[PDB]
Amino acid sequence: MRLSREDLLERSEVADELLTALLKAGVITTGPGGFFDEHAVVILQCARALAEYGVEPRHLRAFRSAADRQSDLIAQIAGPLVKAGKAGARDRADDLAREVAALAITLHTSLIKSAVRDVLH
């Protein structure tokens, strides 16, 4: 989805001032057309909950820098697979790259959960 700023605030139930803080810290960004996506809703809701635990938007800036680097590693794997999707009537040619990107994200997420478990216990 393509959400305006106001659409994002309504869906997230977060204050405009928190969104402004997250934008100015580079944590959240608009997509290339200047809209927000569905992930922005979740990011803003998590950021609000985290602010309530004393974590200010500027302290999430590292998460974003790391996410961008990981996204590039994932694109290296999935990008060349865009052309390899089945293109029959019933197919959509992007599905294979999406599947591969999703596997990589799941892998990565699980690695972080694992590493966190270990450092907190």
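Sequential numbering from 1, following the sequence displayed.
Out of 59-67 and 92-100, which stretch has the higher average CA B-factor listed in the record?
Higher of the two, by average CA B-factor, is 92-100.
Pull the Cα B-factor of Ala25 out of the PDB entry and bin it into the chain's lowest, middle or highest third.
Its C-alpha B-factor, which the entry lists for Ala25, ranks in the highest third among residues of this chain.
Sort the modelled residues of this chain by their C-alpha B factor and say whether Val82 lands in the lowest, middle or highest third.
Middle third of the chain for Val82's C-alpha B-factor.
Please say which third, lowest, middle or highest, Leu120 falls into when its CA temperature factor is compared across its chain.
Tercile = highest for this residue's CA B-factor.
Report the third (lowest, middle or highest) to which the CA temperature factor of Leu8 belongs, ranking only the modelled residues of the same chain.
Tercile = lowest for this residue's CA B-factor.
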